[PDB]
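Comments concern the structure below.
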Amino acid sequence: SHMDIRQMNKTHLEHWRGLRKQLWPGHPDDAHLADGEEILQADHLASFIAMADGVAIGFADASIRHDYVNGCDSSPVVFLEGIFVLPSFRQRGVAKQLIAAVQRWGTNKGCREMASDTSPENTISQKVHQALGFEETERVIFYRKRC
Amino acid sequence: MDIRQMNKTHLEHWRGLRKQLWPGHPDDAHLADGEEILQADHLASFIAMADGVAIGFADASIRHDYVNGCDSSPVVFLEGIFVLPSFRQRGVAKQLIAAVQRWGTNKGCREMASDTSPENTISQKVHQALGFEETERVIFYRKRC
Ligand SMILES: CC(C)(COP(=O)(O)OP(=O)(O)OC[C@H]1O[C@@H](n2cnc3c(N)ncnc32)[C@H](O)[C@H]1OP(=O)(O)O)[C@@H](O)C(=O)NCCC(=O)NCCS
Ligand SMILES: CC(C)(COP(=O)(O)OP(=O)(O)OC[C@H]1O[C@@H](n2cnc3c(N)ncnc32)[C@H](O)[C@H]1OP(=O)(O)O)[C@@H](O)C(=O)NCCC(=O)NCCS
Ligand SMILES: NC[C@H]1O[C@H](O[C@H]2[C@H](O[C@@H]3O[C@H](CO)[C@@H](O)[C@H]3O)[C@@H](O)[C@H](N)C[C@@H]2N)[C@H](N)[C@@H](O)[C@@H]1O
Ligand SMILES: NC[C@H]1O[C@H](O[C@H]2[C@H](O[C@@H]3O[C@H](CO)[C@@H](O)[C@H]3O)[C@@H](O)[C@H](N)C[C@@H]2N)[C@H](N)[C@@H](O)[C@@H]1O
Ligand code: NI
């Protein structure tokens, strides 16, 4: 059956939020709401929803980052902020298409590089990033200190 | 041992220290990076001097995008720090980071962050000793568009 990757607009907010809560549980509910609104008005944020037969089966959040991005040599960079495909629809090339949409968006925005990150423990994610043409650049430990 | 924010006069020596921190970075880029830092409001480097000679530096930025482990924005980010071996373990880095931290606070950052290689044992101890807590460990990927 035919699938479409739609850049998220107001009409897909509920499809998006319903999936996003499955990728990041306990990311606060109020946060999804605000995030959705922020994204709809941004020029450096965009999200994409995989739709087929009227249902949303997956999504990707993306951004255009001007901060230094680990492993990249140019700026700005289009960055894959999160991606999720429902269990029942995996290994069908849904993420491949969502990522192509993110790449197309960042390319049209003038980015020369697309980047992403994932836990060293997320093994399927690593296989997926590599299967899709990303090469691993570096691994780092992040630190935080309250100001 | 004074710490000063970098200006045009410190570029040549900063570049010499910076090439030792990152030998793989094109010399060509140190040139452009220095100009970029001085032109941008969201960037600042600090130089530690002994008898008028630069012996350490820290590059920093105000980051506005997502930063792993942080929950607020902007974030002051320690982009790199280096102290000549002869001056190590004397609190120079501690001092450089204090200066980065004040700059950040004055820019409204509620969090300061940094990152380092899993292999950089010494760096890890330094971060810990200075009050940073480890947040996440990740692998980065890149695909040329
Ligand atoms: C990671 C994820 C988004 C991939 O979605 P997907 O739609 O199943 O991926 P695709 O079908 O487009 O797969 C692309 C490629 O990755 C590879 N791949 C996908 N799943 C794989 C698996 N489980 N094991 C090994 N390789 C796999 C394949 O090499 C290749 O497709 P093909 O060999 O079947 O021809 C999905 O597993 C998911 O939602 N996981 C949980 C959320 C998550 O971990 N996100 C990652 C970072 S936010
Ligand atoms: C990392 C580096 C900048 C630290 O510089 P420094 O001036 O020697 O550090 P400081 O003296 O200010 O030390 C501050 C804290 O780190 C600790 N520390 C410093 N060097 C240490 C070492 N080699 N092993 C264990 N702990 C160490 C100090 O004991 C502690 O002080 P405290 O008494 O307040 O706890 C320096 O070792 C260096 O330039 N390394 C090479 C470049 C690199 O690794 N950069 C880091 C990532 S960008
Ligand atoms: N590739 C997926 C990435 O997901 C998380 O980071 C995202 C972040 O997720 C937060 O982190 C928790 C999961 O660790 C979620 O609950 C959110 O609050 C999200 O809120 C931002 N809008 C975009 C960030 N990229 C991870 N922090 C990061 O390590 C991981 O690499
Ligand atoms: N705290 C040290 C950090 O240094 C490097 O990242 C810096 C980056 O260094 C590039 O990466 C190579 C070393 O990996 C250098 O040759 C430059 O090209 C520099 O060019 C940017 N101006 C600021 C980045 N923070 C590392 N990429 C990062 O992993 C590391 O944790
Ligand atoms: Ni279609």
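Determined via X-ray crystallography, 2.0 Å.
Backbone N, Cα and C atoms are what each Cβ position is placed from, and that goes for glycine too.
Here Swiss-Prot flags B:1-145 as domain 'N-acetyltransferase', drawing on sequence analysis. Swiss-Prot lists B:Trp22, B:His25, B:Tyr66, B:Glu79, B:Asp115, B:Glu136 with the feature substrate binding site, giving experimental evidence as the kind of evidence. The acetyl-CoA binding site feature in Swiss-Prot is assigned to B:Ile81, B:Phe82, B:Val83, B:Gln89, B:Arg90, B:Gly91, B:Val92, B:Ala93, B:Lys94, B:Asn120.
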Task: Measure from the CA atom of B:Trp22 (substrate binding site) to the CA atom of B:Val83 (acetyl-CoA binding site) and give the result in Å, rounded to a whole number.
output: 13
Field: Residues among the binding-site residues B:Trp22, B:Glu79, B:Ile81, B:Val83, B:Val92, B:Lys94 that border ligand 2 - Cβ under 6 angstroms, in sequence order
entry: B:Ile81, B:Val83, B:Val92, B:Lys94
Query: What's the CA-CA gap between B:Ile81 (acetyl-CoA binding site) and B:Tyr66 (substrate binding site) in angstrom, rounded?
result: 22
- request: Using a 10 angstroms cut-off on Cβ to Cβ distances, just flag whichever of B:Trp22, B:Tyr66 is the loneliest among these binding-site residues.
  value: B:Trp22
Message: So if I measure Cβ to Cβ from B:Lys94 (acetyl-CoA binding site) and keep only same-chain residues at least 6 apart in sequence, which ones fall under 8 Å?
response: B:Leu130
- line: Nearest to B:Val92 (acetyl-CoA binding site) by C-alpha distance, among the binding-site residues B:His25, B:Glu79, B:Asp115, B:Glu136, is B:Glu79
Message: Which binding-site residues from the set B:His25, B:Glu79, B:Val92, B:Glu136 have a C-beta atom lying less than 6 Å away from ligand 4?
response: B:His25, B:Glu79
Message: Quick test of your reading of the structure: among the binding-site residues B:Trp22, B:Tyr66, B:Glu79, B:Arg90, B:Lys94, B:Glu136, whose CB sits under 6 A from ligand 3?
response: B:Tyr66, B:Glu136
- prompt: How many helix, strand and coil residues does the domain 'N-acetyltransferase' (B:1-145) contain under DSSP?
  reply: 54 helix, 50 strand, 41 coil
Task: Quick one: pull the CA-CA distance for B:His25 (substrate binding site) versus B:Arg90 (acetyl-CoA binding site), whole Å only.
output: 27
Task: Determine, to the nearest whole angstrom, how far the Cα atom of B:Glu79 (substrate binding site) is from the Cα atom of B:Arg90 (acetyl-CoA binding site).
output: 21
Task: Calculate the distance in Å between the alpha carbons (Cα) of B:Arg90 (acetyl-CoA binding site) and B:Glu136 (substrate binding site), and round it to a whole number.
output: 29
Query: Sorted by position, what residues of the same chain at least six away from B:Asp115 (substrate binding site) have a C-beta under 8 A from it?
result: B:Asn68
Statement: After the CB under 8 A filter against chain A, the remaining binding-site residues out of B:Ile81, B:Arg90, B:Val92, B:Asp115, B:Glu136 are B:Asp115, B:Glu136
